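K.L.:
no FASTA, just this:
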RNA sequence: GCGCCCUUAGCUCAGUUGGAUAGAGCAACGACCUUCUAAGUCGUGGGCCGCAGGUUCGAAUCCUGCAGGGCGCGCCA
Ligand SMILES: [Zn+2]
């Protein structure tokens, strides 16, 4: 209990584009960003008026997942945001997302923000007192040893729980900068108190917290044992003015949000948490700092570019630094990196390994990459014809209810408003392409997992062994292999999958 | 994220915060001692400068820049 990987069958629940929190479905005269790329933009310009563009969501209702398994998941792209563990395919949807990582050892921050760190260190010091005037090329030295020998601004680590003290600034700040004058209490309990991470992992032992607050003088090499969300309050005198919210994985730290007190924002609390929590890595033995979820379609997130982020890729699990591809990722275009064996007529082969399913790939710094995703799932790419016939063989090979769709049926018609078109699109770079699934059955690798997994329906509550693969209903079998196309091959081996019918 | 502030001894301070780093308390020596030159009072002597350049006989000193020293509060899923 509370230790196995739990993920339900994804169901693309869709809503009108007005409900979108970032894009609203309107981006002026920038219809190229709305669709995949320019190739279909030149052809769907007159067809977009007859086909509605909604806000597609790809995700599932998860219960709990162990920290070790989720580390791949947050590296894959399925970053936690509430209990709806979700992701957005890079092809169709109007608001794409994918995890990013930052490295504090060699971050290439811009010179514009270099003046910001010069401001917070002067005021905090107690005037005459100075820790000697020496060279400070590494900015760690003047912050770690200054927060403890004074009472200017001291912090304290806390778990992710409920605290009444934060409520005062949690409401007024939204009423002040977010214009959210109607804040029910459920907006705090749901967001930062019910996480998919294991409750024992969040609790752990206080010893991990004890050494965590001792990060200032702890010697590197000590074994860390912290895994889960983190809350680092920002005390001042005898109150709080900022609340840090982030999640520390067993391999890195992922940040989400920030909160200020409206009028008590004297000490420029916004940039303090960011600049004094990526320096945790140097003092500890951690390796990664995840900024969270990146959105190119939302211009507001451009400040995260200065954080040294890392635009991810979900089709091939190959990290690539944000700055070298700053222009390439612009305008909301697709981003799938090819290989030396690039082909414009055959689909991509996939790899299912313990370390080769989103557990880091070897990367070279000085490399002039090129974009090949445009020639795969677009007008100029011939891979669509091969994908069109790929679905035909799936139906006549084993008997799984996957039927192809016509040429002008890639997106739901505006006449489909009266009947919700529940289903999983086949042309999705995030989803496993049909090329690899075809080789799975031929190679016999599907057989090993066959006969070991149990059929588990939420509305049935029945346990029965699997002896004949074709005896189970095909519609249920359809949902089983859908997750195999989305959530790592092997993976599902150490996991149990549930299904949703028409939720 | 943008703003105006000051970048001189181990310290506080001068040179309208541009033309020698000087007094004073400290630690040093000493004609200064009833064994108060290791708790009097007087000569004072080592303690000399920050990272780069910038436009001028000139730079502790109009500072664009950087690391470190001052002040409203921000386009912060
Ligand atoms: Zn959207």
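P.N.:
Here it is on my side, so go on. Residues are numbered from 1 along each chain as shown, chains lettered A, B, ... in the order given.
K.L.:
going forward, measure contacts and count neighbours with C-alpha atoms only.
P.N.:
Will do.
K.L.:
The residue in the stretch 201-350 of chain A positioned nearest to the ion: neighbouring residues, count only.
P.N.:
Evaluated by Cα to the ion, the stretch 201-350 of chain A has residue A:297 as its residue closest to the ion, separated by 8.8 Å. Per other Cα atoms under 10 Å, the neighbour tally for residue A:297 reads 21.
K.L.:
hang on, it packs against residue A:96?
P.N.:
Yes. Counting by Cα atoms under 8 Å, residue A:96 is a contact partner of residue A:297 at 7.1 Å.
K.L.:
Touching both of those two, which residues are there?
P.N.:
Residues touching both residue A:297 and residue A:96 by Cα atoms under 8 Å, 6 or more residues apart in numbering: residue A:332.
K.L.:
dump the residue contacts of residue A:287.
P.N.:
A:103, A:251, A:252, A:281.
K.L.:
again, 7 Å this time
P.N.:
A:251, A:252, A:281 (Cα atoms under 7 Å, 6 or more residues apart in numbering).
K.L.:
give me the number of residues near the first one?
P.N.:
In this case it means residue A:251. For residue A:251, the neighbour count with other Cα under 10 Å is 16.
K.L.:
before we move on, what about the second one?
P.N.:
Around residue A:252 sit 19 other residues, with neighbours defined as other Cα under 10 Å.
K.L.:
Do you have the strands of the stretch 1-150 of chain A handy? List them.
P.N.:
Taking DSSP state E, counting those that start in this stretch as the test, the strands found in the stretch 1-150 of chain A are A:5-8, A:58-61, A:84-87, A:98-102.
K.L.:
Grab the nearest non-local neighbour of residue A:171.
P.N.:
residue A:183 (6.7 Å; Cα to Cα, 6 or more residues apart in numbering).
K.L.:
Can I take it that that neighbour is in a strand?
P.N.:
No. Assessed with DSSP: H, G, I helix; E, B strand; the rest coil, residue A:183 is coil; it does not lie in a strand.
K.L.:
Let me know the distance separating it from RNA strand B.
P.N.:
With distances taken as Cα to the nearest atom of the strand, to the nearest Å, residue A:183 is found 11 Å from RNA strand B.
K.L.:
Phi first, then psi, for that residue.
P.N.:
Phi and psi for residue A:183, reported as degrees, to the nearest 10, are phi -120, psi 100.
K.L.:
residues near it, how many?
P.N.:
Using other Cα under 10 Å, residue A:183 has 13 neighbouring residues.
K.L.:
Name the SS class of the residue of the stretch 201-350 of chain A closest to the ion, please.
P.N.:
Looking at residue A:297 with three-state DSSP, the answer is coil.
K.L.:
Kindly report the same for the one 3 residues further on.
P.N.:
On the three-state scheme (three-state DSSP), residue A:300 is labelled helix.
K.L.:
any idea how far it lies from residue A:170?
P.N.:
Counting by Cα to Cα, to the nearest Å, the gap between residue A:300 and residue A:170 amounts to 21 Å.
K.L.:
Which of these two has more residues huddled nearby?
P.N.:
Between residue A:300 and residue A:170, counted using other Cα under 10 Å, the more crowded position is residue A:170 (20 against 10).
K.L.:
Which of the helices or strands spans that one?
P.N.:
helix A:167-173 (DSSP states H and E).
K.L.:
what comes up buried for that helix?
P.N.:
Across helix A:167-173, burial judged by 16 or more other Cα atoms under 10 Å covers A:169, A:170, A:171, A:172, A:173.
K.L.:
elements contacting that helix?
P.N.:
The contact analysis (3 or more Cα pairs under 7 Å, 6 or more residues apart in numbering; DSSP states H and E) places helix A:167-173 against strand A:252-260.
K.L.:
Kindly recompute the last result at 10 Å.
P.N.:
helix A:186-193, strand A:239-249, strand A:252-260 (3 or more Cα pairs under 10 Å, 6 or more residues apart in numbering; DSSP states H and E).
K.L.:
Tell me which of the ones you listed sits nearest to RNA strand B.
P.N.:
When these are compared by Cα to the nearest atom of the strand, strand A:252-260 sits nearest RNA strand B, at 5.0 Å.
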